[PDB]
Amino acid sequence: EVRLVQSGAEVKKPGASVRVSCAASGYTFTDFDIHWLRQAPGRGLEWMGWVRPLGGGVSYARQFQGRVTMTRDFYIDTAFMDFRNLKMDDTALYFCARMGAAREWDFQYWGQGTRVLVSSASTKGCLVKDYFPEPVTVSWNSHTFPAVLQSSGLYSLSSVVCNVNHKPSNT
Amino acid sequence: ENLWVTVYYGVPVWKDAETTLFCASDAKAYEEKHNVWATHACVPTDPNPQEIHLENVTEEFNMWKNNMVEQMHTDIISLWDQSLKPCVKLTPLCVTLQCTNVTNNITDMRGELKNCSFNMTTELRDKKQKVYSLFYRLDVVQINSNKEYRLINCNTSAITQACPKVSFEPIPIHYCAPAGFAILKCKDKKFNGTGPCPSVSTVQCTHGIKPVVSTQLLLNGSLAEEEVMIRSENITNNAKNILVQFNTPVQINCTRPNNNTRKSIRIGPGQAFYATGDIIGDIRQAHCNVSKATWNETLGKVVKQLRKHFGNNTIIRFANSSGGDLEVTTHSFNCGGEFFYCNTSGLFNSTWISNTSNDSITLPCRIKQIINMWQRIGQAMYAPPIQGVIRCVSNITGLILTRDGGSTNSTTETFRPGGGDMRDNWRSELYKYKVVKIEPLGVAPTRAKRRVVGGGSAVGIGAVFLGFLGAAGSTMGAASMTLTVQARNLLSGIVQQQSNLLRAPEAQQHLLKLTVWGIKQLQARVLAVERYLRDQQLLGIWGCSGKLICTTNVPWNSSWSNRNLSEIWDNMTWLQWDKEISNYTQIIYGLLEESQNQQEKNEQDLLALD
Amino acid sequence: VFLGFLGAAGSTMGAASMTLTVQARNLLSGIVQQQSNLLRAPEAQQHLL
Ligand SMILES: *[C@@H]1O[C@H](CO)[C@@H](O[C@@H]2O[C@H](CO)[C@@H](O[C@@H]3O[C@H](CO[C@H]4O[C@H](CO[C@H]5O[C@H](CO)[C@@H](O)[C@H](O)[C@@H]5O)[C@@H](O)[C@H](O)[C@@H]4O)[C@@H](O)[C@H](O[C@H]4O[C@H](CO)[C@@H](O)[C@H](O)[C@@H]4O[C@H]4O[C@H](CO)[C@@H](O)[C@H](O)[C@@H]4O[C@H]4O[C@H](CO)[C@@H](O)[C@H](O)[C@@H]4O)[C@@H]3O)[C@H](O)[C@H]2NC(C)=O)[C@H](O)[C@H]1NC(C)=O
Ligand SMILES: *[C@@H]1O[C@H](CO)[C@@H](O[C@@H]2O[C@H](CO)[C@@H](O[C@@H]3O[C@H](CO[C@H]4O[C@H](CO[C@H]5O[C@H](CO)[C@@H](O)[C@H](O)[C@@H]5O)[C@@H](O)[C@H](O[C@H]5O[C@H](CO)[C@@H](O)[C@H](O)[C@@H]5O)[C@@H]4O)[C@@H](O)[C@H](O[C@H]4O[C@H](CO)[C@@H](O)[C@H](O)[C@@H]4O[C@H]4O[C@H](CO)[C@@H](O)[C@H](O)[C@@H]4O)[C@@H]3O)[C@H](O)[C@H]2NC(C)=O)[C@H](O)[C@H]1NC(C)=O
Ligand SMILES: *[C@@H]1O[C@H](CO)[C@@H](O[C@@H]2O[C@H](CO)[C@@H](O[C@@H]3O[C@H](CO[C@H]4O[C@H](CO)[C@@H](O)[C@H](O)[C@@H]4O)[C@@H](O)[C@H](O[C@H]4O[C@H](CO)[C@@H](O)[C@H](O)[C@@H]4O)[C@@H]3O)[C@H](O)[C@H]2NC(C)=O)[C@H](O)[C@H]1NC(C)=O
Ligand SMILES: *[C@@H]1O[C@H](CO)[C@@H](O[C@@H]2O[C@H](CO)[C@@H](O[C@@H]3O[C@H](CO[C@H]4O[C@H](CO)[C@@H](O)[C@H](O)[C@@H]4O)[C@@H](O)[C@H](O)[C@@H]3O)[C@H](O)[C@H]2NC(C)=O)[C@H](O)[C@H]1NC(C)=O
Ligand SMILES: *[C@@H]1O[C@H](CO)[C@@H](O[C@@H]2O[C@H](CO)[C@@H](O[C@@H]3O[C@H](CO)[C@@H](O)[C@H](O)[C@@H]3O)[C@H](O)[C@H]2NC(C)=O)[C@H](O)[C@H]1NC(C)=O
Ligand SMILES: *[C@@H]1O[C@H](CO)[C@@H](O[C@@H]2O[C@H](CO)[C@@H](O[C@@H]3O[C@H](CO)[C@@H](O)[C@H](O)[C@@H]3O)[C@H](O)[C@H]2NC(C)=O)[C@H](O)[C@H]1NC(C)=O
Ligand SMILES: *[C@@H]1O[C@H](CO)[C@@H](O[C@@H]2O[C@H](CO)[C@@H](O)[C@H](O)[C@H]2NC(C)=O)[C@H](O)[C@H]1NC(C)=O
Ligand SMILES: *[C@@H]1O[C@H](CO)[C@@H](O[C@@H]2O[C@H](CO)[C@@H](O)[C@H](O)[C@H]2NC(C)=O)[C@H](O)[C@H]1NC(C)=O
Ligand SMILES: *[C@@H]1O[C@H](CO)[C@@H](O[C@@H]2O[C@H](CO)[C@@H](O)[C@H](O)[C@H]2NC(C)=O)[C@H](O)[C@H]1NC(C)=O
Ligand SMILES: *[C@@H]1O[C@H](CO)[C@@H](O)[C@H](O)[C@H]1NC(C)=O
Ligand SMILES: *[C@@H]1O[C@H](CO)[C@@H](O)[C@H](O)[C@H]1NC(C)=O
Ligand SMILES: *[C@@H]1O[C@H](CO)[C@@H](O)[C@H](O)[C@H]1NC(C)=O
Ligand SMILES: *[C@@H]1O[C@H](CO)[C@@H](O)[C@H](O)[C@H]1NC(C)=O
Ligand SMILES: *[C@@H]1O[C@H](CO)[C@@H](O)[C@H](O)[C@H]1NC(C)=O
Ligand SMILES: *[C@@H]1O[C@H](CO)[C@@H](O)[C@H](O)[C@H]1NC(C)=O
Ligand SMILES: *[C@@H]1O[C@H](CO)[C@@H](O)[C@H](O)[C@H]1NC(C)=O
Ligand SMILES: *[C@@H]1O[C@H](CO)[C@@H](O)[C@H](O)[C@H]1NC(C)=O
Ligand SMILES: *[C@@H]1O[C@H](CO)[C@@H](O)[C@H](O)[C@H]1NC(C)=O
């Protein structure tokens, strides 16, 4: 019944310094170290840092020195990761995992993950209306295809079997 | 030709297992010291300690899984709660404070000290009183030119004040094993963390370890010999800490130059709270001074050894703390009754690569009075103020480092000092020890057979006895020559009144009652009796009640071992013998218990039956 | 045909006297499968308790 819960997907312009939360449950949180791993769509998993709950000790990777900082809170059994001065190359999915009971470099428990995309696009953003960001809600009278990424960054799609609600417009 | 099973009592065969150790510590004074580590509850060791050197014994132990560190750990933590429980509780001190910065010329001096007046209770319930005190910046937080301040622990945990009389000074305490158990002490100067120790001895209680809580630098520890040691569970894995042991001590001088004063303001009937009064003299920072020539020289010893694991020519840099609470980030240590917190950035900024003023290094140290030792939840201690100026001088004997990691390899290596846990402070001293239980019932085949059922001397100067468990590395024949040596020590004190003889003094445990070691002793003396009477009960069914060596009529099966009598007794230790027969030792104990000695009873009396 | 511990309590005095090591094993320590003394060996069970 042990599971790690991460924060939600967030979008930010370069230099925005996002923080992510990792909720622990089902076990004694103050025992095992928490690790932050990031995976790009065309790259393998990458290890960022580990922070243990008792004393907050943390070891950060060479390339993330001065860029990332991790802490935690015992009362909420949650470890946080502050990633300052984010860059266009650093857009990927962020996972927080816990080492297995064998104490070797293996991960037995993970989290659902958070989506962090860095880009320069306006927040405001059948045939589709420019609905940036990507999430849309298509419905017929109150077969859907994936979206396409243009050079401007706006997402276009199509739905064939409308009045699709837009989160930036709040219709 | 015909081989029969033989029972031996007192064979030097031991197995490692976890048992509840007790305490041993020399009596420094008849006395009110009330040292927290012991209230004199640990019974005093004999003036002369007996250490036995074992010949041809290669017993290895694992430092990281060593069970002795966790027992002490839970021992100090239990000892602290037993000392703070009788002290007064500062539950009424969680009151909105109105603080004014202490008299100081602001040049930036950014004094952490505050001067706060609060409405405190008094001896009478209806009456109150407006008294003032002084608190550092780390003890108070802002609650939304005096403004409202709140004590840091009020929102999270209750607080209790340490009794003024108890002293936090570390004293040596030895841990011994109960009767019927043994402790093996490695004497290898170049001993690695985990692995075989070619020269092993045995001792009843370990040399006393001064329990010193230190976060970044080990204090007043045991010096290494020759080259400094770099003990680690896995040097390649960064998660495990890197424990170091020094061969030359590095002296450190710490002071609190502020001449504080103690003000006892009665806050309850029979209860008195101790607050800081007017500070006499200049406002100064707490600082620690370490000589740079010696620190530069020692740091050069640690960096030389580290290259063996990572290569001759690689970049070995030292860095600062990379994060964590105030505990891990600074050199948190206690002195004179208060708790310093020293930034060690000046010690750990250096870069070493390949080869090729005389002023001391000074450390800005903060001081805090409200602390939660060992990151415990729901608890907090307020250390009372220490009147007058205090000085500290200790020896630095070890560090706790960390691997930086990263994607790049063989380009640069940086070590960041850290104090993640207090257990690593005990592994730095219990590394050379291991707990084993001795098992004295070793069976072996011999052509000797039981005296027929129908049937019915050297006086001394035996040579070169080896002491207790000394024959563990000698041949089975030579080891079988000394059986009364172990049988003496299976029960009661192994040496010099080791345990049972000690528990005789009055009011030692009566006053102690169940506090601390009092329950440790009962579990150690009852388990001793239960293991001794277990072997005697095993004999009672097996015959051989009063005999150290008995031969009874039981055939030795050839499938248990195909080795002949000579090769077994010519060049084998009882330890190696117990390993091969371990698979069949339980069956032998079943055939020999009834078929060997109860068939006799049913036949022996039938023989005389009417 | 051994009867186990106290199995000969309903048999004759002669038949019951045939099994005496059965009880003598069980008078002290665990009667069966590490029943008591073998169990109290794990650490921090009673110390914490
Ligand atoms: C006569 O006999 C009858 C039969 O035995 C008795 O009936 C029994 O009654 C008891 C209660 O008295 C029931 O226990 C409770 O069942 C609840 C429902 O169980 C669900 O989950 C079960 C297991 O699911 C876990 O493991 C499975 C795999 O096995 C896994 O797939 C799943 O994801 C999960 O990890 C599942 O088997 C059931 O079918 C159900 O799906 C269960 O929720 C209860 O747990 C509560 O309460 C208990 C007791 O108080 C706590 O010990 C638990 O920690 C948890 O308490 C929660 O609230 C607390 C407040 O103090 C928190 O402190 C806890 O942390 C916790 O909060 C939860 O959520 C957090 C957020 O994520 C987590 O972090 C925490 O971990 C917690 O999950 C409890 O088990 C029996 O189920 C029921 N029997 C049967 C057969 O159903 C009858 O009572 C007897 N008669 C009498 C008079 O007594
Ligand atoms: C911080 O770090 C510092 C170091 O940087 C730490 O300081 C060090 O602390 C340790 C203790 O932990 C001290 O060790 C003690 O040293 C003394 C002195 O030893 C010298 O004198 C011995 C006796 O002298 C004889 O001769 C003189 C005249 O010449 C007579 O006056 C005497 O009466 C004697 O007859 C002598 O034997 C010693 O020889 C040593 O050195 C030679 C090489 O020179 C070696 O080969 C020897 O093996 C030996 O090492 C030396 O000359 C010792 O005397 C202390 O030992 C005694 O006391 C112990 C406690 O009671 C006891 O257990 C020992 O058995 C021993 O008692 C013996 O000697 C007594 C006196 O003669 C007898 O009465 C007794 O019956 C028995 O025979 C101990 O070794 C360090 O010296 C000290 N460092 C310095 C520089 O001083 C500091 O503690 C650290 N702080 C921390 C960690 O908090
Ligand atoms: C040992 O450990 C220490 C402490 O971790 C390390 O030092 C940190 O180092 C930096 C400089 O590298 C210190 O600088 C502080 O910067 C603060 C904020 O500015 C930062 O961000 C801005 C942009 O927002 C940048 O322009 C700026 O350059 C910084 O990057 C200031 O607010 C700090 O002032 C603080 O102290 C004064 C009183 O002294 C207060 O009045 C202020 O309110 C504020 O508290 C300061 O200038 C920082 O102090 C150090 N702390 C941190 C946060 O880590 C060492 O590098 C490390 N190693 C060694 C060898 O010493
Ligand atoms: C930290 O602050 C402390 C005060 O809170 C300092 O304590 C002071 O220490 C000095 C000596 O170093 C004492 O002086 C002695 O006083 C006695 C008695 O004084 C009598 O005479 C004086 C006038 O000379 C008078 O004021 C007194 O009331 C007495 O009538 C003399 O006999 C000695 O010769 C010597 O002068 C101070 O008395 C003492 N203060 C207190 C309040 O007791 C302490 O020294 C400071 N820390 C450090 C490291 O210096
Ligand atoms: C110590 O306790 C005493 C009371 O025993 C405090 O004195 C009281 O301080 C309060 C403000 O905190 C005064 O309240 C005043 O109320 C009027 C309205 O009635 C308001 O207009 C004022 O602005 C103010 O809020 C109160 O009159 C005063 N005196 C009393 C109750 O006799 C004292 O401040 C406390 N000191 C501390 C907490 O440091
Ligand atoms: C008990 O009280 C203490 C003192 O107020 C709390 O400590 C502080 O808690 C805050 C979060 O509530 C920590 O984060 C802060 O967040 C704000 C919002 O972004 C930010 O502006 C601050 O600069 C700060 O990051 C804060 O670091 C922390 N400070 C200390 C010294 O501990 C504590 O959380 C309270 N605990 C409970 C259980 O109420
Ligand atoms: C710490 O203070 C002690 C004194 O309390 C210093 O010891 C002195 O060392 C010098 C030589 O370096 C001797 O001449 C003095 O006689 C020693 N003092 C005494 C009382 O014997 C020690 O050197 C200081 N160390 C540091 C690192 O500051
Ligand atoms: C630890 O101590 C070092 C000094 O030895 C501090 O370095 C300075 O902090 C000041 C802010 O008051 C900065 O302006 C300096 O730049 C820092 N030094 C360096 C070399 O950059 C360091 O900040 C301290 N860190 C902590 C957590 O106390
Ligand atoms: C570690 O020591 C070095 C010097 O060896 C310090 O370097 C200083 O760097 C500044 C520029 O940032 C120079 O202006 C100083 O003159 C240098 N120091 C000296 C003594 O010349 C470095 O800052 C130190 N780091 C820490 C954390 O203490
Ligand atoms: C046993 O130890 C002795 C020294 O006590 C040594 O002389 C002898 O060679 C050793 N024999 C074996 C087999 O280890
Ligand atoms: C007080 O500090 C200020 C800082 O600018 C300094 O200029 C002044 O000379 C100092 N005066 C005294 C009396 O300490
Ligand atoms: C409030 O500030 C004044 C001036 O600094 C001080 O005299 C007083 O003692 C402070 N506390 C109160 C009024 O409780
Ligand atoms: C002293 O430290 C410096 C680096 O800070 C180093 O270059 C020098 O070699 C050290 N001294 C000695 C005698 O090694
Ligand atoms: C020094 O490095 C050389 C070349 O790699 C190597 O042959 C030698 O064993 C090293 N010596 C020491 C003391 O590490
Ligand atoms: C030895 O005794 C075992 C039973 O303990 C039996 O199975 C075996 O046949 C006997 N003989 C030999 C030669 O192993
Ligand atoms: C049995 O003992 C004899 C004489 O020591 C020896 O030569 C022979 O190799 C041994 N064989 C076995 C199987 O132990
Ligand atoms: C044991 O030692 C004897 C010499 O005393 C030697 O002949 C024999 O080969 C050795 N056997 C083993 C296993 O060491
Ligand atoms: C012990 O018995 C096991 C099988 O239960 C066997 O695999 C092992 O090799 C035996 N070891 C010895 C030393 O007899």
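So basically every Cβ, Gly included, is an ideal-geometry build from the backbone, and we count neighbours across all protein chains shown. Just so it is clear, none of the values below were taken in a lab; they were calculated from the coordinates.
Considering every residue within segment B:180-197, establish whether at least one is touching a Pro at 6+ places or on another chain (Cβ under 6 Å), part of a loop (DSSP other than H, G, I, E, B), more than 24 Å from B:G221 (Cβ to Cβ) and not polar (S, T, N, Q).
Within segment B:180-197, not a single residue is touching a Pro at 6+ places or on another chain (Cβ under 6 Å), part of a loop (DSSP other than H, G, I, E, B), more than 24 Å from B:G221 (Cβ to Cβ) and not polar (S, T, N, Q).
Going by the conditions given, is B:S559 more than 14 Å from chain C (Cβ to nearest Cβ) and part of a loop (DSSP other than H, G, I, E, B)?
When the stated conditions are applied, B:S559 passes them.
Going by the structure shown, is B:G477 over 24 Å from B:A177 (Cα atoms), surrounded by fewer than 16 Cβ atoms within 10 Å (Cβ to Cβ) and more than 16 Å from ligand 2 (Cβ to nearest atom)? So that I can check it myself, show each step before the final result.
Numbers: over 24 Å from B:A177 (Cα atoms): yes; surrounded by fewer than 16 Cβ atoms within 10 Å (Cβ to Cβ): yes; more than 16 Å from ligand 2 (Cβ to nearest atom): yes.
For B:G477, the condition - over 24 Å from B:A177 (Cα atoms), surrounded by fewer than 16 Cβ atoms within 10 Å (Cβ to Cβ) and more than 16 Å from ligand 2 (Cβ to nearest atom) - is met.
Considering every residue within segment B:49-56, establish whether at least one is in contact with a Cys (Cβ under 9 Å, 6 or more places away or on another chain) and either surrounded by fewer than 22 Cβ atoms within 10 Å (Cβ to Cβ) or polar (S, T, N, Q) (or both).
Start the filter on segment B:49-56 by keeping residues that are in contact with a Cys (Cβ under 9 Å, 6 or more places away or on another chain), which leaves B:49.
Narrowing further to those that are either surrounded by fewer than 22 Cβ atoms within 10 Å (Cβ to Cβ) or polar (S, T, N, Q) (or both): B:49.
Within segment B:49-56, one or more residues are in contact with a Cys (Cβ under 9 Å, 6 or more places away or on another chain) and either surrounded by fewer than 22 Cβ atoms within 10 Å (Cβ to Cβ) or polar (S, T, N, Q) (or both).
Can you tell which of B:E327, B:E338, B:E297 is within 14 Å of chain A (Cβ to nearest Cβ), away from ligand 16 (no atom under 16 Å from the Cβ) and out of contact with any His (no Cβ under 7 Å at 6 or more places or on another chain)? Please lay out each step first, then the result.
Details: B:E338 fails: within 14 Å of chain A (Cβ to nearest Cβ); B:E297 fails: within 14 Å of chain A (Cβ to nearest Cβ).
Going through B:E327, B:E338, B:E297 in turn, just one is within 14 Å of chain A (Cβ to nearest Cβ), away from ligand 16 (no atom under 16 Å from the Cβ) and out of contact with any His (no Cβ under 7 Å at 6 or more places or on another chain): B:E327.
Exactly one condition in (1) assigned to a loop (DSSP other than H, G, I, E, B); (2) more than 10 Å from chain B (Cβ to nearest Cβ) is false for A:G56; which is it?
All conditions are met except number (2).
If a residue must be in a loop (DSSP other than H, G, I, E, B), within 39 Å of the chain's Cα centre (by Cα) and over 25 Å from B:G473 (Cβ atoms), how many such residues does segment B:537-556 contain?
0
Take B:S83 and tell me if it is crowded, with 17+ Cβ neighbours inside 10 Å, closer than 30 Å to B:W517 by Cβ and polar (S, T, N, Q).
Values: crowded, with 17+ Cβ neighbours inside 10 Å: yes; closer than 30 Å to B:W517 by Cβ: yes; polar (S, T, N, Q): yes.
Criteria met by B:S83.
Pairs under 7 Å by beta carbon, first residue within 14 Å of another protein chain (Cβ to nearest Cβ) in segment B:136-153, partner away from ligand 14 (no atom under 16 Å from the Cβ) and of a type in the set (G, A, S), six or more apart or different chains?
Close Cβ pairs satisfying both conditions: B:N153/B:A380.
Per-residue answers, yes or no, for (1) more than 30 Å from A:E1 (Cβ to Cβ); (2) surrounded by fewer than 19 Cβ atoms within 10 Å (Cβ to Cβ):
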residue: A:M81; (1), (2): no, no
residue: A:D89; (1), (2): yes, yes
residue: A:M99; (1), (2): no, yes
residue: A:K124; (1), (2): yes, yes
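Report whether or not B:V435 is within 16 Å of ligand 18 (Cβ to nearest atom) and among the β-branched types (V, I, T).
No, not satisfied.
Search segment A:86-111 for residues being acidic (D, E) and closer than 22 Å to A:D31 by Cα, and hand back the single one that is farthest from the other protein chains (Cβ to nearest Cβ).
Step one: filter segment A:86-111 for residues acidic (D, E), giving A:89-90, A:104, A:106.
The next check asks that each one be closer than 22 Å to A:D31 by Cα; those that pass are A:104, A:106.
On the way: A:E104: 8, A:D106: 12 Å.
Here the answer is A:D106.
How many residues does segment B:436-492 contain that are touching a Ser or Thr at 6+ places or on another chain (Cβ under 8 Å) and not in a helix (DSSP H, G or I)?
Quick first cut of segment B:436-492, residues touching a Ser or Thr at 6+ places or on another chain (Cβ under 8 Å) only: B:437, B:443-446, B:448-450, B:465-466, B:468-476, B:479, B:492.
If we keep only those that are not in a helix (DSSP H, G or I) too, we end up with B:437, B:443-446, B:448-450, B:465-466, B:468-469, B:473-475, B:492.
Number satisfying all stated conditions: 16.
Take B:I283 and decide whether it is away from ligand 18 (no atom under 16 Å from the Cβ), outside any strand (DSSP E or B), farther than 21 Å from B:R416 by Cα and not aromatic (F, W, Y).
Considered against the rule, which asks whether it is away from ligand 18 (no atom under 16 Å from the Cβ), outside any strand (DSSP E or B), farther than 21 Å from B:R416 by Cα and not aromatic (F, W, Y), B:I283 comes out as yes.
Residue-wise test of (1) within 14 Å of another protein chain (Cβ to nearest Cβ); (2) under 30 Å from B:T408 (Cα atoms).
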{"position": "B:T276", "(1), (2)": "no, no"}
{"position": "B:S291", "(1), (2)": "no, no"}
{"position": "B:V302", "(1), (2)": "no, yes"}
{"position": "B:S322", "(1), (2)": "yes, yes"}
{"position": "B:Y382", "(1), (2)": "no, no"}
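Could you check B:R366 against (1) more than 16 Å from ligand 14 (Cβ to nearest atom); (2) closer than 26 Å to B:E227 by Cβ; (3) touching a helix residue (DSSP H, G or I) at 6+ places or on another chain (Cβ under 8 Å) and say which number it fails?
(2)
Here is a list: A:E10, A:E46. Which entry is at the interface with chain B (Cβ under 9 Å from one of its Cβ atoms) and acidic (D, E)? Step through it out loud before you land on a result.
Values: A:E10 fails: at the interface with chain B (Cβ under 9 Å from one of its Cβ atoms).
Of the residues listed, the single one that is at the interface with chain B (Cβ under 9 Å from one of its Cβ atoms) and acidic (D, E) is A:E46.
Which residues, counting only those in segment A:59-85, are assigned to a loop (DSSP other than H, G, I, E, B), facing another protein chain (nearest Cβ under 10 Å) and of a type outside the set (F, W, Y)?
Across segment A:59-85, the qualifying residues are A:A61, A:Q65.
What's the total number of residues in segment B:301-351 that are touching a strand residue (DSSP E or B) at 6+ places or on another chain (Cβ under 9 Å), within 16 Å of ligand 14 (Cβ to nearest atom) and of a type in the set (S, T, N, Q)?
3
Step by step: first the residues of segment B:566-587, then only those that are over 39 Å from the mean Cα position of the chain (by Cα) and either within 16 Å of ligand 7 (Cβ to nearest atom) or surrounded by 15 or more Cβ atoms within 10 Å (Cβ to Cβ) (or both), then the one that is nearest to B:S480 (Cα to Cα). Which residue is that?
If we take residues in segment B:566-587 being over 39 Å from the mean Cα position of the chain (by Cα) and either within 16 Å of ligand 7 (Cβ to nearest atom) or surrounded by 15 or more Cβ atoms within 10 Å (Cβ to Cβ) (or both), then B:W569 is nearest to B:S480 (Cα to Cα).
Could we say that B:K210 is of a type in the set (D, E, K, R) and within 16 Å of ligand 14 (Cβ to nearest atom) here?
In short, no.
Hey, among B:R503, B:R525, which residue is in contact with a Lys or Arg (Cβ under 9 Å, 6 or more places away or on another chain), part of a helix (DSSP H, G or I), farther than 22 Å from C:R25 by Cα and away from ligand 5 (no atom under 16 Å from the Cβ)?
The conditions single out B:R525.
Has segment B:216-231 got any residue that is within 14 Å of another protein chain (Cβ to nearest Cβ) and away from ligand 17 (no atom under 16 Å from the Cβ)?
Among the residues of segment B:216-231, at least one is within 14 Å of another protein chain (Cβ to nearest Cβ) and away from ligand 17 (no atom under 16 Å from the Cβ), which makes the answer yes.
Please find, within segment B:113-129, the residue that is farthest from ligand 7 (Cβ to nearest atom) out of those that are assigned to a loop (DSSP other than H, G, I, E, B) and out of contact with any helix residue (DSSP H, G or I) (no Cβ under 9 Å at 6 or more places or on another chain). It would help to see each step written out before you state the result.
Narrowing segment B:113-129 to residues assigned to a loop (DSSP other than H, G, I, E, B): B:113, B:122-127.
Restricting the remaining residues to those that are out of contact with any helix residue (DSSP H, G or I) (no Cβ under 9 Å at 6 or more places or on another chain) gives B:122-127.
Values: B:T122: 44, B:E123: 44, B:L124: 49, B:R125: 50, B:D126: 53, B:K127: 48 Å.
Checked segment B:113-129; the qualifying residue farthest from ligand 7 (Cβ to nearest atom) is B:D126.
Name the one entry in B:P211, B:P164 that is surrounded by fewer than 19 Cβ atoms within 10 Å (Cβ to Cβ) and either within 27 Å of B:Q523 (Cβ to Cβ) or in contact with a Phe, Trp or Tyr (Cβ under 7 Å, 6 or more places away or on another chain) (or both).
B:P164
Hey, could you check segment B:540-552 for residues that are within 11 Å of B:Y8 (Cβ to Cβ) and in contact with a strand residue (DSSP E or B) (Cβ under 7 Å, 6 or more places away or on another chain) and say which is surrounded by the most Cβ atoms within 10 Å (Cβ to Cβ)?
The selected residue is B:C544.
Please return the ranges of strands (runs of 3 or more DSSP E) entirely within segment B:1-112 where 1 or more residues are of a type in the set (D, E, K, R) and out of contact with any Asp or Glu (no Cβ under 8 Å at 6 or more places or on another chain).
In segment B:1-112, the matching strands (runs of 3 or more DSSP E) lie at B:14-16, B:51-53, B:59-61.
Evaluate the following for B:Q596: is it within 14 Å of chain C (Cβ to nearest Cβ) and assigned to a loop (DSSP other than H, G, I, E, B)?
Working: within 14 Å of chain C (Cβ to nearest Cβ): yes; assigned to a loop (DSSP other than H, G, I, E, B): yes.
The answer is yes for B:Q596.
Any idea which residue in segment B:395-417 is farthest from the other protein chains (Cβ to nearest Cβ), counting only those that are farther than 20 Å from B:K308 by Cβ and of a type in the set (S, T, Y)?
B:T397
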